[PDB]
There are 2 protein chains.
Amino acid sequence: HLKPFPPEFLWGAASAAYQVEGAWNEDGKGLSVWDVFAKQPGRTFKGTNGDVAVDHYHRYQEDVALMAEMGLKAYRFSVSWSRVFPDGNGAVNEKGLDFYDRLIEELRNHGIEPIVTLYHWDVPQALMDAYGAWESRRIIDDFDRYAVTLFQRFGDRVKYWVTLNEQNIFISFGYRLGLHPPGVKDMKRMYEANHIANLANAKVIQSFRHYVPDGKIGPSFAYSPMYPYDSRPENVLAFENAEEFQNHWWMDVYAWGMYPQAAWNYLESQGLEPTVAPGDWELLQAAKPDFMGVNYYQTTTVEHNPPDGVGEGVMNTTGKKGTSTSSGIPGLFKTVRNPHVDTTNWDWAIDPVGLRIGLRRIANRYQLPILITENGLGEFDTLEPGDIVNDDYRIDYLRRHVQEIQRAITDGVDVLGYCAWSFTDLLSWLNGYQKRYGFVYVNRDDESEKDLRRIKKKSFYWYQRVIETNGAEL
Amino acid sequence: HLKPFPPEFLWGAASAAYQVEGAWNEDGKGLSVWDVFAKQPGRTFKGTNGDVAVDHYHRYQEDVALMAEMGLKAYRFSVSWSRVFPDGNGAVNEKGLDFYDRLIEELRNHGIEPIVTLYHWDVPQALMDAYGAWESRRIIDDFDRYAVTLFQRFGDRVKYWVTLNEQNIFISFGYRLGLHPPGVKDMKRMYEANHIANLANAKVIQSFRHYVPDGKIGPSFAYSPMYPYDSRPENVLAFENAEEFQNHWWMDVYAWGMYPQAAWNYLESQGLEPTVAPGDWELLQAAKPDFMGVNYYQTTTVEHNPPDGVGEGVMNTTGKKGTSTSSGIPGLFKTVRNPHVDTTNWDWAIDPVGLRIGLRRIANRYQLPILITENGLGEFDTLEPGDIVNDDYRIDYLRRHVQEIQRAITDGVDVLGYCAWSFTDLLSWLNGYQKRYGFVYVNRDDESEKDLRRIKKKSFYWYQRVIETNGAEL
């Protein structure tokens, strides 16, 4: 017996500025670390970068019109820091602010709730040149000034804010795996930058309380809920280590302002724990958010990993199924393929019940409302004669995840909204354009840039029907 | 490289008054609910009862001398409420307090720390008669009067105190399964009595802060940590349901003063959630314990249970292995044999790693120190001529659990002490005498008290060596 979706449920769709906007050097925009990073040969598939992307900076009016046709209740986007402060910490760029002002007015005139994401991985290169960006406490007050600038200019028209998007991703990929700017493989640096990012998150939530007292703000965590492989006690203990190290490590800081103790002690024994100053715990414990943002795609199953066993592993960005290899941390846990779910061709788990599990774990541990900021299926799309993209695969994935959300709401989880990823096709950070996520097909591939024309996929009309029935018809 | 056991680690052993004392009608003692219940035909194996038990009431000097020979650092025992208040809430029976005073003085004269359990299932029958005992709010102030009586008489000599022993057992066996007094099978009444017992726990922790400001106090929860059968998402969701419904339901109230929400909502949908009065949440939230007491014997593995599925199961009462069957809650979860561990003859899982997992979960969720108030192996013992009892099976079980305690300490779990169940053999509530737990064999069976003579088992000398080496030699 299912509860209905609440009447105010934020049926949404999401983007990220570098992935969508283009206009990388217009109206005074400074360079970001991704402008620099993606132009380095070999970082991105076939050299694709965000110079143009899908050109949303010039075509947003067309884009919002398609949102209004769909009847989106909400649209989640990120503000590009380097459009607002080209130097990170210097003088404000009114043209940068003007674009987001025009975007929000376009959204508001069509009855769409704007959800503004403060940071999605594009710190200005200048801050990285001046003091190493997230490795320096100086970024805390420069990020605050940036945040406060947006709060004063948009706080009367934006109720929902997200601080740092997938902080575990841009910290891990940027400082442990070397896949994102700064392209570093140093765990000591990774956890120092992570700690400073935690303090930045807390400082801007505390500013938000002052500048937007009637608004709602939270971080957004890239949450892959951990599973034990079986009921072997050694595999359950691996799951305890994995859920605490991969998930509590961030969410406990967001919710309670404390790192988990066992994980901390493991890092301490390695010489990897971050440097703490007077003031840190009191700041982190005083920044309670209104919700936990959740970006969800898959669960992860783990098993026992001996002290000499698997370390970092092989990722699968080609799309040939079966090429992923176990990654893990020796002594604690290593991943293993879950034999009870299917995977995509990138070996990502297809596990909509895993979303209910993860929503239940956040409610049960933190008692926080949840805003689902990102969920989606990336796949190749064929444009067929008659402007028809029959992405039944995407509909089937979104249907099952929305169905499990309703069960979680029926369990008593407070889910504020759901932002599918993504509204239009967009540039992936590293693999180009062919793994598409959008409701709206964008006419370009890896080689030919074509005209970037927007085409409504079959999933666009499915989700239009979802919204008008408030999820009653899926 | 393991951490050592900390210098003042409480190497202990435990009992419970009804199981050990006898003297059921001496020196002014009133009837308890167990005096009455165990004399009803069919309630206990072979009609065994606590009239004599192993006669610790008269033989406490001999028993304490054996604790000194072992070198016990702490002895955990329970106070019989009906010795102190024969009618539960009238005038104090000084001879009742004088026994526990004599006992505490014997312990302290031999260097043994007393750990006093306020309530181990034996509320006076007069309170059951007057208002139904734990089902009535009247018990909150009656329990409080009793606790403060003990705090004022013994607080100068007792630092460690336990409030309610295994509230989840005496409430669920007493009101849901009807196996303990008052023998009721009614889930609604069960959760009402459970809520009243939560308030009584909170009230006496509050009183304790006034009367024993330098003491340490906590409840003793009967903790069986849940495992999912495998990585099937439906079995992991069963584990989420099972851990919250069986474990968080109690420990969250103990630690945070709040029931978990998914469980509460499920009870509400069934008309089973308890009645909440004004002021209840404030009392419950303001009664933080110094430690979580943990009674640990086994883990429990669970899997999906369809809404038409398993409910009450068969309980192994005889000692014939393989006779237990699944128990669960339809629609939420059901138990299933863990194929990766062995089980005793009573079908209890032998899972020392589970104790590390359980200690880690409590640290990770509540950040509380833990006092392990019960752990042991119940088995048949053979008395061999020469008064020799070779219980290597017990040594092996205790050894592997103490080993995992030290791994948990090395992880960063603050464990205050370890109380093996039990010091001497004693009466099991339902299963008679042959399922023995003691370091010290007591010569009696279900048919005859014989001479009740005390006989040191092999495990006595093993534990004596454990304590002498502070656990470095196991």
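Chain by chain, residues are numbered from 1 following the written sequence, and this numbering need not agree with the entry; no residue without coordinates is displayed. In the order they appear in the text, chains get letters beginning with A and ligands get numbers beginning with 1. Only hydrogens and water are set aside when side-chain values are computed; all heavy atoms of the structure are taken into account. Residues with missing side-chain atoms are left out of burial classes, side-chain pairs and their counts.

Judging from the entry metadata, X-ray crystallography is the method by which this structure was determined, and 1.980 Å is the reported resolution.

Novice: In this structure, what is going on with the overall build of chain A? I would like to understand it.
Specialist: Along the backbone of chain A there are 15 helices and 14 strands. Relative to the 2.2 N^0.38 estimate, which gives 23 Å for 474 residues, the radius of gyration of chain A is 21 Å and therefore close to what a compact globule would have. Projected onto the principal axes, the alpha-carbon positions of chain A cover approximately 55 × 50 × 45 Å. In what follows, a contact means two residues having at least one pair of non-hydrogen atoms within 4.5 Å. Within chain A, contacts between residues separated by at least 24 positions form 75% of all contacts whose residues are at least 6 apart in sequence. Counting from the N terminus, the helices are DSSP H or I runs at least four residues long and the strands are E runs at least two residues long. Note that the radius of gyration is over C-alpha atoms, with the globule rule given as 2.2 Å times the number of residues to the power 0.38.

Novice: Mind showing me how you'd approach the relation of the copies chain A and chain B here?
Specialist: Both copies of the chain are placed relative to one another by a rotation about an axis and a shift along it. Structural alignment of chain A on chain B gives an RMSD of 0.3 Å, achieved by rotating through 179° and translating 0.2 Å along the axis. Both chain copies can therefore be described as sitting about a two-fold axis. It is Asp230(A) whose C-alpha, among those of chain A, lies nearest the rotation axis, at 2.0 Å. In this assembly, 100% of the residues forming the interface of chain A have copies in chain B that are likewise at the interface, indicating an isologous arrangement. Copies of the molecule are overlaid using a least-squares fit to their C-alpha atoms.

Novice: Honestly, the interface of chain A and chain B in this entry has me stumped. Any pointers?
Specialist: Interface size is commonly expressed as the accessible area that is lost once the parts come together. Taken together, the contact between chain A and chain B spans 37 residues of the former and 37 residues of the latter. Carbon and sulfur atoms supply 55% of the area buried between chain A and chain B, which totals about 3,000 Å² over both sides. Among the residues chain A hides against chain B, the three largest losses belong to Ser231(A), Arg360(A) and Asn364(A). Together they make up 20% of the total. What makes a salt bridge here is a side-chain nitrogen of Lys or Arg within 4 Å of a carboxyl oxygen of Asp or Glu, nothing more. Between the two partners, chain A and chain B, sit two salt bridges. Here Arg361(A) ties to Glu240(B) by a salt bridge, and the two come within 2.7 Å at their closest N and O atoms. Polar contact criterion, stated in full: a pair of N or O atoms within 3.5 Å, where within protein one must be able to donate a hydrogen and the other to accept it, and residues adjacent in sequence count only if both atoms are side-chain atoms. The tally of links between chain A and chain B comes to 17 residue pairs in polar contact. When two components associate, each loses some accessible surface as probed by a 1.4 Å sphere; the sum of these losses over both components is called the buried area.

Novice: Help me understand the packing of helix α5 (residues 94-109) of chain B against helix α7 (residues 138-154) of chain B, please; the structure alone is not making it clear to me.
Specialist: Between two packed helices, what matters for the description is the angle formed by their axes and the separation of those axes. Residues and elements named next belong to chain B. One way to put it is that α5 packs onto α7 with a least axis distance of 11 Å and a crossing angle of 45°. Between α5 and α7, the angle falls in the class oblique. Considering how the two elements wind past one another, α5 and α7 form a crossing that is right-handed. Between α5 and α7, the residues in contact are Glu-94, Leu-97, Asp-98, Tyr-100, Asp-101 and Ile-104 and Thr-149, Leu-150, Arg-153 and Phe-154, respectively. Here the contact of α5 with α7 is composed, by residue class, of five nonpolar, one polar and four charged. Here an axis means a line fitted to C-alpha atoms, over the contact stretch when the element is a helix, while the angle between two N-to-C directions is reported on a 0 to 180 degree scale. In this scheme, roughly parallel covers angles under 35 degrees and roughly antiparallel covers those over 145, while 65 to 115 is roughly perpendicular and the rest are oblique. Crossings are assigned a handedness: left-handed for a near helix turned anticlockwise from the far helix by less than a right angle, right-handed for a clockwise turn. Residues are grouped as follows: nonpolar covers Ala, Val, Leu, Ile, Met, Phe, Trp, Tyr, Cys and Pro; charged covers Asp, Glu, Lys and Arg; every other residue, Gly included, is treated as polar.

Novice: Help me understand the sheet that holds strand β8 (residues 300-303) of chain B in this model?
Specialist: Backbone-to-backbone hydrogen bonds join strands into a sheet, with any given pair of strands oriented parallel or antiparallel. Residues and elements named next belong to chain B. Strand order in the open sheet formed by four strands is β6-β8-β10-β9, with mixed pairing between adjacent strands. Each having just a single partner strand, β6 (226-228) and β9 (328-329) make up the two edges of the open sheet. Strands in contact with helix α10 (residues 233-256) are β6, β8, β9 and β10 (333-336); relative to β6, the strand with the most contacts, it is inclined by about 170°. Two strands qualify as a pair provided DSSP detects at least 2 bridges between them.

Novice: Can you walk me through the pairing of β8(B) in this structure?
Specialist: Where a strand is regular, its side chains alternate between the two sheet faces. Residue and element names in this part refer to chain B. Burial along β8 is two-sided: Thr-300 and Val-302 and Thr-301 and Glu-303, pointing in opposite directions, are all buried. Summarising the sheet, β8 and β10 pair through three bridges and their orientation is antiparallel. Paired with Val-302 across the two strands is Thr-335, which belongs to β10. Each residue is assigned to one of three classes by its accessible area relative to the maximum for its type, calculated with a 1.4 Å probe on protein chains only: buried under 20%, partly exposed between the two thresholds, exposed over 50%.

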